[PDB]
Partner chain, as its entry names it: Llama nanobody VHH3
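Next up is one chain by itself, shown in structure tokens, the form solved without the partner chain.
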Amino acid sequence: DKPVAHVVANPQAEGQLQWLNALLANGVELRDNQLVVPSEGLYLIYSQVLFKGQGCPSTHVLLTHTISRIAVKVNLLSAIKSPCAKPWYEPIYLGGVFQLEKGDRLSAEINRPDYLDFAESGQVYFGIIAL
């Protein structure tokens, strides 16, 4: 009966990382692309995004992935990669334990959805589990 969620990216979304319900249980909601915490407590929060490109363009490519908390906006977990015509592939994966409050909204965002590996949307995920 512990609040839990595991949401996955929509492969059909254009220019965005749209989360889809995968599961939501025991009060967790997915609203406006954010996971909504039903009760105060410790939660493991995790995510993985996958990027891919064909070669390197004229502008420097920096890929970011950040999990933030908005209490009723602060970065909890974040990382950046610089991958740069040969194909390249890079994952960014994050996780940690945090004390959350009722009604907190969690977001898992990237700066370059144009580089998402949409074909592997099943493994572009974001989830929480109450501990």
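Residue numbers count along the first chain shown, from 1. For clarity, a rigid core is taken as the largest C-alpha set superposing within 1.5 Å between two forms. Residues that one form lacks are left out of the comparison.
In every other compared PDB entry of this protein that covers both flanking sides, residue 78 is modelled, so it falls short of the one-third threshold for missing coordinates. Modelling of residue 58 is missing from a third or more of the other compared entries in which both of its neighbours are modelled. Going from residue 111 to residue 112, you skip over nothing: the modelled chain follows the deposited sequence without a break. According to the entry, the stretch of the deposited sequence that connects residue 72 to residue 73 contains 4 to 9 residues lacking coordinates, which leaves a gap of moderate length in the model. Stretch comparison (88-96 versus 48-56) by mean CA B-factor in the PDB entry places 48-56 on top. For the pair 75-83 and 28-36, the record assigns the higher mean C-alpha temperature factor to 28-36. Ranked by Cα temperature factor within the chain, residue 107 sits in the lowest third according to the deposited record.
Absent from the display: the form deposited with the partner chain bound. The rest refers to it.
Relative to the superposed rigid core, residue 123 undergoes a CA displacement of at least 2 Å between this form and the one not shown.
After superposing on the rigid core, the one stretch of 3 or more consecutive residues whose C-alphas move by 2 Å or more between this form and the one not shown is 120-123.
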